[PDB]
Structure formats: structure tokens, C-alpha cells
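Have a look below at one chain only, the form deposited in one PDB entry, in C-alpha cells format.
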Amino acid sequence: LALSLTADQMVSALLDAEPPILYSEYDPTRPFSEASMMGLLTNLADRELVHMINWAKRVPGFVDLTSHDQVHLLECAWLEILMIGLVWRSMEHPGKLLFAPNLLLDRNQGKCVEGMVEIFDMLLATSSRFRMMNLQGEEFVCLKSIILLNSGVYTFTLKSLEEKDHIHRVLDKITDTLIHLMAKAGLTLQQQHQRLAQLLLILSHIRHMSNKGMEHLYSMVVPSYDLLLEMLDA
């Protein structure tokens, strides 16, 4: 019933689906070594991934797809989704990344890892950019769902063609929802289309960061297809 929802019903459902903010393992050895910091971040990321699977099932349109296609979208999007979440909760802490409420890290602590500092900087710039745009929570949840639905759709017979157009219609509905929030907020038609484009252009930088992130992770714990398909069935 995702194509029959209004803009306000889409927002309400995405806000209800929103996963909880988690904490890192309490009182680890401080200061950090390269391994210890990666261990705590990896533990946190894995626990968030369990909540992401459950979030994804409550994104309208996603559950209508086949289990194979749900796994494919999540396999393509999981690190982008982790990253936009991080960047969102770091908005109110300029020069810092709020990995958890008990794990607020500045740029200099990123140097502890080796190659992480470049990715750190990109995440901070994006956070700063969301701060400058005054990004709203309602807009945030729409952007997250876009990432999930958009990131794997291009790399997907009758079945797959019907699944692809279904995804494209859901994305059209999220666009409508984004415009409605901006019109309800009071922005002019010109300001609405400009802000929409600004938000969607930021998603290309998020993809870039996610690809750099993967390369950095493989240089040193990444969810496989089989792992994600096991988790989805539960």
C-alpha cells in the first residue's frame, strides 16, 4: 500500500521506522590503538546493521520486493546508510563525529587508524553541509530511504522489470513527499526545486564516501550477501 500513502503518511511511517541511537562498548582502554579503535567501531557498526535490516523492512515499498532484491539493495547501500546516519547525528557537534553518545571523535583521533583521516574529513564536510542547509529530520528520513532504494536499482525478464518500475514509483513518491515538506515549510516553487536538487547532489558525495570507505575497509568484517539474506529472513 506504499503507492496509496499521502506525503504526511509517508513521513509518519519513516519516522516510526527510525532505528535507535546505540552506545559503544563501555569504558575501553583510552587512549586508542589502531586495532582497539577499529574493534569498537566494528562492534558498533555490526549492532547498527541488525537495526538497519528491521528499519528497511518498514520502508514502504521495500517489503513488496523479492528477498533476493531486498538483499541486493541492502548490500549496495549499507555503508551509505551507516554514513548518512553518522553525519546526521554529528550535525550539532562541528569538527566532531558522534559515532555514539559515548564515542564523540574529533579529526585528530581519526589519525589513530591510518587512511581513516581522509574519510573522517569527508564525513565532517558533509555534516557541515547539512548544518548549513538546516536539514530537517523529516527530510533526513526521506534521503535515507532514497539511498536504500536508489543505490542498487541500476545493477539489477518480466519479474525484474516489474520490480524496477515499482522501485522507481516509490522513489517518485518520496520525491513528492520531499516537495510537500518544503511547500508546507513555506518555500517558494523555485526554492523547492533548488533545495531538492541540493539534497540529491549531496547523495553523490555520500556514494563517493561509501566507495572510499569500502576500499579503506578492504585494505585492513564486511557483511556478505549470505549474512544479509540470513538476517532478512528473521
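In this text, the rigid core denotes the largest set of C-alpha atoms whose superposition between the two forms falls within 1.5 Å. Start at 1 and count along the sequence shown; that's the residue number. Only residues modelled in both forms are compared.
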Other entries modelling both neighbours but not residue 29, at least a third: yes
Unmodelled in at least a third of other entries of this protein, residue 158: yes
Extent of unmodelled deposited sequence, residue 221 relative to residue 220: 4 to 9
Of 22-30 and 35-43, the one with larger mean CA B-factor: 22-30
Mean C-alpha B-factor comparison - 205-213 and 65-73, higher one: 65-73
Selection from 148, 112, 97, 83 [criterion: highest C-alpha temperature factor in the record]: 112
Residue of maximum C-alpha B factor among 90, 136, 155, 126, per deposited coordinates: 155
Third of the chain, ranked by Cα B-factor, where residue 141 sits: lowest
Within-chain third of residue 184 by Cα B-factor, per the entry: highest
Lowest, middle or highest third - CA B-factor, residue 166: highest
B-factor third for the C-alpha atom of residue 103 within its chain: middle
Modelled-residue ranking by C-alpha temperature factor, third containing residue 119: middle
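The protein also exists as the form deposited in another entry; that form is not presented, and the subsequent description refers to it.
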Entry of 33, 198, 54, 204 that shows, once the rigid core is matched between this form and the one not shown, a C-alpha shift of 2 Å or more: 33
Cα-Cα trend for residue 106 and residue 34, given that in that other deposited form the distance shifts by 3 Å or more: farther
Direction of the Cα shift between residue 34 and residue 97 in that other deposited form, where the change is 3 Å or more: farther
Regions shifting between this form and the one not shown, defined as 3+ consecutive residues whose CA atoms all move 2 Å or more relative to the core: 26-35
